[PDB]
Structure formats: structure tokens, C-alpha cells
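Structure record follows, encoded as C-alpha cells.
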Ligand SMILES: CC(C)=CCC/C(C)=C/CC/C(C)=C/CC/C(C)=C/CC/C(C)=C/CC/C(C)=C/CC/C(C)=C/CC/C(C)=C/CC/C(C)=C/CC1=C(C)C(=O)c2ccccc2C1=O
Ligand SMILES: CC(C)=CCC/C(C)=C/CC/C(C)=C/CC/C(C)=C/CC/C(C)=C\CC/C(C)=C/CC/C(C)=C/CC/C(C)=C/CC/C(C)=C/CC1=C(C)C(=O)c2ccccc2C1=O
Ligand SMILES: CC(C)=CCC/C(C)=C\CC/C(C)=C/CC/C(C)=C/CC/C(C)=C/CC/C(C)=C/CC/C(C)=C/CC/C(C)=C/CC/C(C)=C\CC1=C(C)C(=O)c2ccccc2C1=O
Ligand SMILES: CCCCCCCC/C=C\CCCCCCCC(=O)OC[C@H](COP(=O)(O)OCCN)OC(=O)CCCCCCCCCCCCCCC
Ligand code: HEM
Ligand code: HEM
């Protein structure tokens, strides 16, 4: 009697505790059903998969520089001195059932985590979800992005590899020693000595499996709690206002679709871990200061920092008996990048004057200057990433390596400007298109007038039509406009039988008019609620 | 202008979010001011100290069996083959400033964590803080205690050491490998092969810094949330009923005293980390299977398991072509111990029959059978703990080792029974003392009656006095009774000047009169609230 068991368990729960009101509030919480609001969930799900795979990895990983000869199964690396970290990474890859798959899905989850964090940041920035109520949310999310970047750095640096080791040597060691007053001291504190200090990988292992994941988990908890209680913002729409949330309740629909989305994201990541090879360390010999490779790139989320290193033009200053190497330039650049990213909402409000409580998102077209600035920043980030990749770009796409370096150097001040101008004008022209639709109706096929030979596109008005043909223009309300009669009530009733065979006409008619009734009922309910809010 | 800044920040917080109601609820939440209710806070604070010191230790610890010759600073161990775990533990002790102190306070915090969990368990069990509500809280607390035990077990085993490695070889290897159907399979899957498998310490490091502490943190969060929202139970008292919480609000008093208690607990832990030596791994040479000491004990929380191993009388079974070693006996004993501890509230409710929602604790004397059972269990635990120490007990206190072993063997069935009987009768006699105090008043000095030589103790009634001398007996109300006029308004007003010199008579009179007025006001407030509730 599962129904009786459920009832008895509910009564016992509500007697021991009293979660009825709280649970009802959680279940009844309404979440907007916009697709772009799942971008953060992608990052959350990738993070969960990262935790689950990282536990498995830590069950088999040994962090240490203790030198050992492999003497494993992988023949191409036998008798070669390597760190125990590399040896156990190879053991995970080869000598544990499914360890290669687990580590590959872990790395793919890391890449998807960074990518989805970037996409979510783009969504919120361009939609203006950081304004008065949620600047703190933006700030903690920026800290979260920085932590994710650096944890991925430490994660692919954990198995001491040739690629990851040379990346560490460059970024960490060089840029740390570069810092003027405390650079060498920071280097010695972090590595416990010179660069190959025998505590580096244990320290990174701790930072990567316990410390940084703990901070990220706490910050994700704060992030999700803030989103939960500062009810999720929404785009302007029929019944959507600054003081309501139009969407679906948590329990019946949102919970089911979020769980299913998590399942599908897990499936995508597992499929990638299977079919796509990620970081094949066995091809990469154990780290040695002398051995190198041509590629020498970090993961894509640090590729922009590496590209900054490459592109910045070797400007070194030599104060009285001292040196200020080119690494400090990039250190300051990264500092500026993070500072501006964290402080943008406050910069935005200082610049514009907006101190209003904003609960309705802005369309990126509707906010041109911010959209232009975001496009400019994305262009700069892409230029830096492809500059880091300039080695492989030059190799495959036959471009001189010097040519790619200087393309990056010039474009990091030219391409941002071009993209800013283009994005600003593009946003304004999207606004112009929206107003054209508002004032003339949707466009359709052309018709030749009866008496004379005029051609008229035979538009379709979206609002009340004047006594004559031309309609009364509507007022823009911040919501997208249907520019195709495709997406309106036109040409949308295929035979509802099946792909290969029809259904009885009675069934088809019943279904089609039932759907018509349901959709017009939804439209009428939204219209009535909209009229009720002010009217 | 700190006041202006605070007001502006409060307005900003209440504009960005709306936490006024929730924050007021948290601040107004009332917590009983009983000392025994700080026992859980001791464990919580020790856990926090453990986390803070563990982060520092992970910054310097390298988990690996990779053999290395020390070549460090500690001369008595130079050129000796040791694992990287032992080498880096020695480095923490010697070649890192304050590292010895940090690891010592970490281990002392672990010991206090276990001890305070045990004391909190005693408090809740004896006061009945688990029945009907909070039974799941007790269950998760039992899981938490088990996790803490094994967490400390992996912790002091983390630096590969002679003592701790011998303890691992005994328990983790022998007990695991003796289990009949899957013993060797569990052993090989935990150790990645034979006992000295090259992954044991890395696996324990993962389990001990991330996995088990993560679960402990999650369960502590659940525990504290349950205590918070299932308002803390309280002892019977003047104004205390099953439907109210008499105490002090969170903000002014409870928060400050809890923070001060945290400060004092961490001060005790730091003082002991300094002044008392814990786990001198430098004295305890590196683990070698051929070497061993005579002590060979685990920390006091696993000492009862070790004592069970020692005392159990070498009963082995040999089925058809198989062996069932004595390790399975102790394994099943531990399983039974944990199962009974976890399932006691449900066992108690099944036995007695009480499923009523209990919010008022019951004094351990008021429940003779349960206090008797708890005393019996504590006696058995102490017997096992001292059996584990029988080696040093025999060495120092001159008692033959066989005599100590057999004293433990006989006592573990005799001592629990003796302690059960004694505790049962002691509880009933405490009840009898309470009743005699209720019906005769408190005792005082003796007086010789005027006409005849009668001697009468000259009691002092606690309630209304009959027309004649003897008082109207009161009814027991589940709350402690004052058995000394000492603790009542009798001889308690010393000159309020100072230790060395007096104060002016006017000031002393003002102070004492104000104090007496405050006592009257408090007692009258309690009395009036009690009357209002029960009338
Ligand atoms: C710092 C910086 C950006 C310096 C400049 C270097 C650079 C990126 C130059 C452009 C590269 C191109 C497009 C070369 C083709 C020749 C060329 C320049 C033609 C004119 C360009 C132009 C305006 C054309 C008009 C039409 C048009 C837009 C054509 C674009 C054609 C292309 C290539 C579109 C896709 C863009 C693309 C993928 C560029 C390469 C970028 C990267 C990082 C590829 C990474 C990558 C590599 C390198 C693999 O080898 C590989 C092997 C197996 C599986 C996966 C991959 C993989 O993902
Ligand atoms: C223990 C209890 C209340 C049980 C309830 C009944 C029940 C549900 C039993 C279920 C399971 C079974 C089979 C239990 C029997 C054996 C048993 C308890 C096994 C599990 C052991 C375990 C994980 C926890 C038991 C914890 C417990 C409550 C211990 C007593 C601790 C308390 C409250 C002591 C009094 C507080 C106080 C002021 C202490 C300081 C004074 C001193 C020094 C007391 C004596 C003392 C103690 C207590 C040491 O632990 C110790 C350890 C190492 C060296 C020396 C000593 C020592 O001298
Ligand atoms: C060589 C070397 C490395 C040396 C250092 C050693 C090392 C590695 C680490 C230790 C170093 C440190 C940082 C030590 C200090 C630790 C620390 C934070 C101490 C704080 C205590 C302190 C300084 C008090 C000052 C006096 C004062 C004005 C106190 C009032 C204001 C304060 C501080 C209030 C704090 C309140 C407090 C304890 C909050 C804890 C937060 C948590 C985790 C839970 C809150 C909480 C509590 C506390 C409950 O009791 C409770 C009971 C029932 C249900 C729920 C709860 C609940 O949720
Ligand atoms: C260190 C020490 C070891 C650790 C100690 C902790 C373990 C729990 C402690 C004790 C359990 C045994 C209690 C005593 C059980 C009483 C037996 C009885 O005869 O039943 C009478 C009851 C009163 O009913 P009544 O209407 O008040 O009538 C008055 C009649 N004269 O009946 C009932 O409801 C209940 C009947 C069935 C009870 C079954 C309880 C045990 C369940 C299995 C769990 C394992 C138990 C392990 C035992 C160590
Ligand atoms: C939270 C975000 C995280 C990110 C972005 C991340 C990223 C990465 C990446 C990219 C790798 C390289 C894997 C490879 O080269 O095969 C890695 C390795 C590793 N990760 Fe993480 N990780 C995260 C969380 C965790 C957690 C929570 C744990 C532990 C529970 C963990 C444990 C490990 C271990 C042990 C390795 C080394 C395994 C190997 O070398 O193959 N990671 N991490
Ligand atoms: C949760 C309860 C915990 C308990 C009961 C506990 C217990 C212990 C004990 C007794 C030791 C032995 C120290 C020594 O012999 O000097 C130890 C070592 C260690 N603990 Fe924990 N610990 C806990 C949590 C943690 C946490 C959260 C971390 C990391 C943040 C951590 C990290 C370490 C490290 C790295 C060592 C090795 C230190 C050494 O070898 O000297 N522990 N632990």
C-alpha cells in the first residue's frame, strides 16, 4: 500500500517537524520558463558531475613529486623517471577499469563548467540581471568564475605532465617571480623553495580537492539561495511586471524539467568522455625542465591569460638595480580584468544613474551601450584566446607565427573597437526592426493591387486596425515581436495522425479543436491577468 | 559616522533583499540556558578548530608511500627509509614554523571532538532528548559520532608511522581480511592489493580531508538545522512547559555567550597543543612491518574497539575447508554496537510504548531503567577502553598482563551488571531524596526543643505551611530541588566593597537592595507566567 505508506510518512514528518508551510512555499515558488535561464543550471550540473567524478579520481590519485620508474603496463613509458602523481594518473588511465573514462568525463565536465559559467555570465550581463537587487549575486558569481578558472588550472596541473608542467612553470613560477616587491617571496612561499619544490603538487591537490571546491560550494550555495529568495528575474511579457513572477511552479513542471535537463547534461558529458579524447597525458611524458612541446597551451578558460602573455609587447622596466619583467604587465592586466568584472554593476550604476529596483530583464538590443561593451569584451577575450592558440593556428592554417602574433597585438586594440561599433549599431537596428514591426505589422507575401500595378507586401497588423487599412501602431513593451507569420496563427495544422499513416478524422478534429481551445484559453488567461494588473 | 553607515547598510540589505522578518525570527529565537546544552557546542567548536588546522596541515602534508631517505633536520632519523607521508609529517613538526604546534592542536582538537561528542551523547541519552521528536536527530548524530571515530582513525593513521601503521595493520587489514564471504575482497579493494599497497595513504588522505569531513559537515548542518527549527528541548521548571522555550534570545545574550564559549574552547585547545605533547611521530619511527612497540594503542575513541579485540576469547570457527578468524567476532560486535546506538530511540519507544511528542527533558534519576542502561553501557565502554590500555596499566600499575586481560574478560559481563544494578538503585534513591525534600523541606542545623531534650533538624519548608509546624507536601514536578539553604536566600550577602577594602555604606545598600529587587522581579515574573499558563 504505497499510498498508505506515503500518507503515514507525511504525517510522521509533519508531526516530528512542521515543514508543511515551508514545503508548500518551495513547491509553489514560480520560476520563469525562459531557456536562457537554464544556462546557470548547466554550470551547476557540470559542477555536480565534477564533484562526483573527482571523488572517484581522488580514490586512485597520489599527489607527489617522489621520483619513480613507471614499471606499469604502458610500454612507451617504461623505466622513465616520473613523479608519483604522473604514475598514478597513468594508473588511473590504464590500470583501473574505467579510470580513463572517469578522468576524461571529469576534464570534460571541467571544460563544460567553465564554458557554461561564461555563457551564464554573458546571459546575465547582456540581460541586465545584475542591477539593483542582484549586484551582490553578480559579485559572488564573478568570484565563482575566477575560482573555477584557477581550480581548472590546478586540476589539469595535478597530474605532473609535460604540458601542464611547462604551463605551470610559465604562468605560476614566472609571473610570480616577476611581481616587483614580493614576487620572489610569493614564489618561495607557494613552492616552498625553487620552482620544482617537492610540495607543489601536494599543495595543489589540497587546494583543488578540498579548499577551492569548498569555497566554490559555499559560494554556489549562496548563489542559489539568493536566486531562490530574490525571486528569479524575467523578461518583459504579457502578464510579467516588476512585482510578479510568471512561469511554472517548482513541483509539477520546473522540478521535472530541471531534473531531466540535469540527466541530459550528464549524458552529453558522458558521451564526450567516451567519444572525445581529453588530455591524453600518456602521450605527454613526465614533466622535465628540459623537455618541451610546440603546443604548450592551457585549457580554454586560461587561454585568454596565456594569450595576454603572448601578445603583450615585451615591455620591461629596470629601476635602480632592479627589474620589472613582462610578467608583471600580465599580472596587472588580470587584476584589472577581474576588478572590472567584479565591479561592473557598480560601475554601470555610477555611469548611468540607475538605482531603481529592477526585476524585468532588458533585451540586449534594448540596452545598446551595454550590449556593445559586452560584445567588445567578448571580442577581446576571443582575440586573446586565439592568440594563445596562435601557435596551432599558424601551424594548421598557414599563417606566419609572427603574423599571428602581430595580428593579435593590433587587433586587441582594433577588433574591440570594430566590434563595439558594429554591436552598438546592430542593437539600434534591431530596435528599429522591432519598431517597424510595431508600426506596420508582420511581413508576408506580395500582392499586386487590382486597379493599378502597385505591389504591397500584405502585412499583418499586431494590434487594432484603424478604420482604413493602416493599423494603429502599438507601444513597445520590452518583449520580442513575432516577425514571421510562421510563429503566429498561420500554417500550423498538419494532419495529426502519425509520420507514416493518418488517424481517424473524428480523432484529428477532436484533437485539433482541443488544442485550439487550450491555446486560446492560455492567451485569454494571460490577457485577463495583464488587464487586471492595471485595469 | 558608524551609526549612519550601519543604518545605510541595513537599508541597503533590506532593499536588495527583504530579510527583516527572518532575521528578527532568528534574533528572537529563545534558547534554554542550561550548561549541559553547551556540550554539543563544544563538539561543534572543536570541529571548527579541526577544519582550520586541517587546512594548514594539508598545505604541508604529502600523502604517499614513495620511499625516501629523510635527509632532513631531525638527526635521530637520518638516512632511514621512510614514506613521503612520514617525511612530510616530520617536516611539519620540525622544518615548518609552528607546524608542530598546529599538528598538536589538530590532534588535541580531534580528541576533544570525540570526547565532547561522547559527552553530548551521554547528555541527550540520559535526559531523553531523542524520543518522539529529535529521534532522527539522534540517528544522524550517531552516524556523526561513527564518522568522527573513523575520521580520527584515518587522521592519526595519515602520517605513516610505526604506531599508527601497526594499528592499521591490526584493524584495517586483519579485521577486513578475516570477514568470511568477502573479507579478502574488501581488503584488496581498500588497499589496492596486499596490505602495504602503494595507495592506502593517498586513499585515506582523500577520505580524511574531503570525503568523510564533507559528510560530517553536511550532517552537522542537518543536525544544527534540526536543533534550530525543532526548538531546543528544556528541563522541567517554573515557567517551562512542553509548548514553550524558556531561556534567552539569540541576539543579546545567547550569541555573545556562545562566541565567548567558542573562544574559551579554542583557548583550551591551544593551551593543550602547546603545553602537552601529542603523537610524537619523530619518536615513533617510520612504519616497517618488522618493527613494533609495546603500547600499540589507538586513540581513546577507537580504544574500545581495540579492547574488544583484546578481550574476546580467541574463538575461531573452521567450516568446510575455510576459516572464520576472531576478527569477525569484533567486527560483528562493532556492527551490533553501532546498530543499537543508532536504533535506541526506536527500541526504547517499542519497549516502553511512549510515542508522545516530548519537549520537556526528564532528569536521569526520573528514568531509572534508562539511566541504568546508560550507566551499564558506559561501564562496558570504560572496561573496553581500559582493556585496550591493559598493557600500560599492567606495566605501571603492577598487575600481571594475563590478570588484566582476564579482569577485562570477566568484567565485561560482570561490571555492566553491577553498574546497572547500582545505577538503577542510585536513581531510585535520588528520587526518594527528592520526595523527602518535597515532603519535609530542606535540612538545616539541629535545635534542642525547650521543654524536653528532643532534637529536631529545624527544616525549612519549600511550600505553604500547614496551620501547625509540618508543611503541606508538594508534588514532584520533574525539576531539581534545593537541598541546601546555602543555595536559597540564606547567608548570601557579603560586604560588596572589594576583596581588600570596603565600599561606602550607601553604595553597598543601594547595590544589595537593587539586587534583591531584581531577584524578586525575576521570581515574580516566572511565577506569574507559570500561573497564566496553568490558569
Ligand atoms: C590572434 C589571431 C586571431 C591571429 C590571426 C590568426 C587567425 C585565426 C587567422 C584566421 C584563420 C583562418 C580563418 C584561415 C583561413 C584562411 C583565411 C584567413 C581566409 C580569409 C578569412 C575570411 C574573412 C573568410 C571569409 C569567410 C569566413 C568567415 C571564413 C572562416 C573560415 C573558418 C576557419 C571558420 C572557423 C573558424 C576556426 C575554427 C578557426 C581556427 C580556430 C581554432 C582555434 C581551431 C582549433 C582546432 C585545431 C587547430 C585542430 O587542429 C583540430 C583538429 C581536430 C579536431 C578539432 C580541431 C580544433 O578545434
Ligand atoms: C554510552 C551510552 C550513554 C549508551 C546508551 C545505551 C546504548 C544506546 C548503547 C548502544 C551500543 C552499546 C552496545 C554500547 C556499550 C559500549 C559502548 C558505549 C560502545 C560505544 C562506545 C562509544 C562510541 C561511545 C560511548 C561514549 C560515552 C558516553 C562515554 C562516557 C563519557 C562521559 C559522559 C564521561 C563523564 C564526563 C566527564 C566529566 C569526564 C572526565 C572524567 C573522566 C576522566 C572519566 C573517565 C574516562 C573516560 C570516560 C574515557 O573515555 C577515557 C579514555 C581514555 C583514557 C582515559 C579515560 C577516562 O579516564
Ligand atoms: C600557529 C597557528 C597556525 C596557530 C593558529 C591555529 C589554527 C590553525 C587555527 C585556530 C586560529 C583561530 C582563527 C582561532 C579563533 C577561532 C574563532 C573564530 C574564535 C571565535 C571566538 C571569539 C574570538 C569570540 C570573541 C568574544 C565575542 C565578542 C563573542 C561574541 C561575537 C562572536 C565572535 C560570535 C560568534 C558566534 C559563533 C560561534 C558562530 C558559529 C557559527 C556556526 C558554525 C554555527 C552557529 C550555531 C551555534 C554556535 C550553536 O551553538 C547552535 C546550537 C543549536 C542549533 C544551532 C546552532 C548554530 O547554528
Ligand atoms: C550495554 C547494554 C547493551 C546495550 C543496551 C541498549 C539496547 C536497548 C536496551 C534494552 C532493550 C531490552 C528492554 C527490555 C525488554 C522488555 C521485554 C518484555 O518482557 O516486554 C515488556 C515490554 C513492556 O510492556 P508493558 O506493557 O509495560 O508490560 C510490563 C510487563 N512487565 O513489552 C513491550 O512492549 C516490548 C516487547 C519487545 C521489546 C523488544 C526490545 C528489543 C528489540 C531488539 C533490539 C536488541 C536488544 C538488545 C538487548 C541488549
Ligand atoms: C569544482 C570544479 C572542478 C574543476 C573545474 C576541476 C578541473 C579538473 C581538471 C580539468 C582536471 C584534469 C583531469 C585530467 O587531466 O584528466 C582535474 C583533475 C583532478 N580533479 Fe578536479 N576539478 C574540479 C573539482 C574537483 C573535485 C571536487 C575533486 C575531488 C572531489 C577533484 C579531483 C581531481 C583529481 C584527483 C584530479 C587528478 C586526476 C588526474 O590527474 O587524472 N576535482 N580537475
Ligand atoms: C572532522 C574531524 C577530524 C578529525 C577527528 C581529525 C583528526 C585527525 C587526527 C587525530 C590527526 C593526527 C594528527 C597528528 O597525528 O599529528 C589528523 C591529521 C590530519 N588531518 Fe584531520 N581530522 C579531522 C578533520 C580534518 C580536516 C577537515 C582536514 C582538512 C581540512 C584534516 C586534515 C588533516 C591532515 C592533512 C592531517 C595530517 C597531519 C599530520 O600527518 O600530522 N583533518 N586528523
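Chains as they are written, first to last, in our numbering: chain E, 8 to 542; chain G, 8 to 542. Here a beta-carbon is modelled for each residue, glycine too, at the ideal position from N, C-alpha and C.
- Taking 7 Å as the cut-off, one finds at least one heavy atom of ligand 4 near enough to the beta carbon of residue 423 of chain G.
- Assignment of residue 497 of chain E by DSSP, reduced to helix, strand and coil, places it in the coil class.
- Collapsing the DSSP output to three states places residue 481 of chain G in coil.
- Distance from the C-beta of residue 368 of chain G to the nearest heavy atom of ligand 6 is not below 7 Å.
- Residue contact check for residue 234 of chain G against chain E: no CB pair falls below 8 Å.
- For residue 69 of chain E, at least one C-beta of chain G is nearer than 8 Å to its own C-beta.
- Closer than 8 Å to the CB of residue 75 of chain E there is at least one CB belonging to chain G.
- With contacts defined as CB atoms closer than 8 Å, residue 468 of chain G and residue 448 of chain G qualify as a contacting pair.
- None of the residues of the region 31-49 of chain G has a beta carbon lying less than 8 Å from any beta carbon of chain E.
- Residues of the same chain with a CB within less than 7 Å of the CB of residue 437 of chain G, apart from the 5 flanking positions on each side, are 372 in chain order.
- For residue 65 of chain E, a Cβ of chain G is located within less than 8 Å of the residue's own Cβ.
- Within the region 203-222 of chain G, the residues whose Cβ lies closer than 7 Å to any Cβ of chain E are, in chain order, 206, 209, 210, 213, 216, 217 and 218.
- Residue-level contact by beta carbon holds for residue 140 of chain E and chain G, with a gap shorter than 8 Å.
- For residue 117 of chain E against residue 162 of chain E, the beta-carbon gap comes to about 6 Å, under 8 Å, which counts as contact.
- Look at the region 82-93 of chain E: the residues with a C-beta under 7 Å from a C-beta of chain G are 91.
- Between the region 418-433 of chain E and the region 368-384 of chain E, the count of C-beta pairs closer than 8 Å reaches three or more; the two stretches touch.
- At least one C-beta of chain G is nearer than 8 Å to the C-beta of residue 22 of chain E.
- Contact between residue 398 of chain G and residue 302 of chain G holds: CB atoms are separated by about 6 Å, below the 8 Å threshold.
- Under the three-state reduction of DSSP output, residue 102 of chain E falls in the coil class, being neither helix nor strand.
- By the 16-neighbour rule on beta-carbons within 10 angstroms, residue 158 of chain E is buried.
- For residue 71 of chain G, the closest C-alpha among the options E/150, E/40, E/173 and E/205 is that of E/205.
- Between residue 169 of chain E and residue 81 of chain E, the gap from beta carbon to beta carbon reaches 8 Å or more.
- A straight-line Cα-Cα distance of about 15 Å links residue 218 of chain G and residue 54 of chain G.
- Unbroken alpha helix (DSSP H) stretches of 4 residues or longer found wholly inside the region 386-448 of chain E: 397-403 and 408-447, given in chain order.
- Think of a sphere of 7 Å around the beta carbon of residue 143 of chain G: the chain E residues whose beta carbon falls inside it are 23, in chain order.
- With a contact defined as Cβ atoms closer than 8 Å, residue 534 of chain G and residue 243 of chain G miss out at about 16 Å.
- Only residues of its own chain outside the window of five on either side were considered, and among them 50, 152 and 155 have a CB closer than 6 Å to the CB of residue 124 of chain G, listed in chain order.
- Burial check for residue 387 of chain E: the Cβ neighbour count within 10 Å reaches 16 or more, so the residue is buried.
- Under the three-state reduction of DSSP, residue 325 of chain E is assigned to coil, being neither helix nor strand.
- In the structure shown, residue 357 of chain E falls within a helical segment according to DSSP collapsed to helix, strand and coil.
- Between residue 495 of chain G and residue 489 of chain G, the alpha-carbon positions lie close to 7 Å from each other.
- The continuous beta strand (DSSP E) containing residue 76 of chain E extends over residues 74-76.
- Chain E places a beta carbon closer than 8 Å to that of residue 62 of chain G, counting this residue as a contact.
- A Cβ of chain G is located within less than 8 Å of the beta carbon of residue 237 of chain E.
- Listed as beta-bridge partners of residue 89 of chain G by DSSP are G/75.
- Straight-line measurement puts the Cα of residue 213 of chain G at about 29 Å from the Cα of residue 271 of chain E.
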